[PDB]
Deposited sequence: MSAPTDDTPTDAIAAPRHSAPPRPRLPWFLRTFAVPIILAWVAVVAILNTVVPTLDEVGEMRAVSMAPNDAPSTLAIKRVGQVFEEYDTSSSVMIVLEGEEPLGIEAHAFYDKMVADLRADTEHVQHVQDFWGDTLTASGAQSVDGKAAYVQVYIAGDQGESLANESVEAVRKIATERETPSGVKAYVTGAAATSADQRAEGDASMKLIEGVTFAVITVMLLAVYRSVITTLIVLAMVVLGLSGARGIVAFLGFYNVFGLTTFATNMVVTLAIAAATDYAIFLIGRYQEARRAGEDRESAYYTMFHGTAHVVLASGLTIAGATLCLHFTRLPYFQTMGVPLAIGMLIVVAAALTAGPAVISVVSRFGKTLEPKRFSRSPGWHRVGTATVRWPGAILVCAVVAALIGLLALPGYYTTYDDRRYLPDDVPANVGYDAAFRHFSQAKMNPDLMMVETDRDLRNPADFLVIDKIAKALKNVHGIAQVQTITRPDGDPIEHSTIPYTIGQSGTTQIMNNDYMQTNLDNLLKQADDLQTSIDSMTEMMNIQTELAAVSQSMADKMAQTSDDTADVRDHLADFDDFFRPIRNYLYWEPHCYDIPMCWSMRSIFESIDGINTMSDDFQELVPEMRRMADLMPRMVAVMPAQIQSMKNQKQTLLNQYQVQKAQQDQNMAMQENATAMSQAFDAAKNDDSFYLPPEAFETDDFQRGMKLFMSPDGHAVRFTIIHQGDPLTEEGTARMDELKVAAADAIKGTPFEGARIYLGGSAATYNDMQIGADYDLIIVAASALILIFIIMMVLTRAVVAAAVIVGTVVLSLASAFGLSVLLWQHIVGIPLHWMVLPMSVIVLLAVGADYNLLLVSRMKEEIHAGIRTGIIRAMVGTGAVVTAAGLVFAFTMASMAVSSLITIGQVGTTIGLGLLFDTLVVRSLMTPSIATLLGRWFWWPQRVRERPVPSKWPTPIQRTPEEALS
């Protein structure tokens, strides 16, 4: 009595395959490609409720000059000191920038105004910068469009001899990051397919079965990318470059892994002397639930990212889960159908090398005879990666994570060749009141606030109405001197209800010291306004330093919450399948332990060998996939253990090793190397996350599954399957005749 589901798949293999390919083609043709959809559906880098963006937006609103929260800086560099022709060029550029109303919202002209010209010019006089407030929050499609428009306006124009204009800033860096990721996705896909083709030829030694698994991989990846593009195009969710890169790589990896699992079980059944129909049914009965649970675990683990706060991690959640579900559905339905329809034709899927697994016999014997020593060695090898924690540091500047020739990087280099980091990252603070603050009393109150901000350590200059160029400037005639009017216009609200300060740190503001100094300035301003008519006022502070402070605050929450959610959900799924609490706990805890080795290898390769420290994003993006895939491999091994345990513990384990040793090792290798294949991307952080996941899965395939979990199972014995009741060894059988 064949089960109804594999029978249905086998009997209607051709209609199922045709329906799958038709649906995939419709998905991939109706909507634009994943590159275009990801470009249109780019999301803002920072949360909409972040204090920094809210402060910048409030400053723009009260001053009625812009509505955005992100700005870029146009740096003018010349071989000789800038003069009259450079000033005319700058004035024309500023006028043209202000002309583009839809993209450019406000241009803060400080160099042109003689009152604050000295602050916008380098001490060598060969450089000058202007802050331009582009439309759209950083990271959005509108922000990228505005960055492109500003770059075109500043660059594509006549220039004085020796004078060049560069556009830099966080928004430009994000735009170039997404551009580089989308450009490198094609190379990533090509290299990944070449690598998996070579390794499938190595592990199968047959071109036909390699083509079959490549067809399954193509179907799964096309379905995943098509459904993600279809849902993104209709604004179901946002997208990032990280989301698309992870979607395509994970789709390829999981499709290859499920194809490897199914074909390996089918070929083992054939090797055990079974006809094609019986072998197919055995393969389904032994692998369908395993691959279903693998897909469910990966999808749910990625979906756990949907409950974080940072937009870049939160956005990645749903698309990854949906792609994971679609690829596991394709592998579960089109997989067996393809396998049957191709095994019906000659020696198509028959095993090529009719060779046993001697080494897996040896390692199974070793792990069931001396579990303690092997377990101790494996635990030590997993924990040896923890000694790299003390030397682990993460940086937040994206300068080194992009190619040295992108326009953002060259603008960054030009700006830092003449200006300090504090100048290029000013911190903006304003005080909002309900009164007209154009009186001498309010004026020296503002002066006192500026002095209080200045007295805080680590602060270099404070620009305001009283100190237009960072230094103090009361004559009643001076209030209408045509210079105080301009200073008030540039530093005070049009209705005079708010006053703006431009705090410039002393040193590097983009660091934890800058984050502490932010609260220091907030406290200093609060103290300054105390006991004054400005007491009933609201204080807003923003800037690049504040934005990175918010990001730093978020990062720990994201890491902890995604790790905990993925852990709990994976453990729940393992309990549901294996029906054993201890086995599920072992499966989860083994990869939890291996995470240390994964992290150690990653920071050994990047921080020390390559020299580029790990980005702050790589670990949260990598832990989820590491846990999911490692738990999947352990689950496959444990399910085979449960299948073979009727012969008794300590021999069912050996049979599980010799049964799912080569296939699972090949799957782990292909997954690890296809994730490492993203190291070819121009965006360094994509390569970092890919290589981190690759090293972690390499360690999981080589150690935590071949040595850790079987030794744990042997040590626990009957208790490994608790609360299920199993015997340590079967009833002693009489010696056969």
query	finding
Ranges missing from the model, given as deposited sequence positions	1-21, 495-692, 957-967
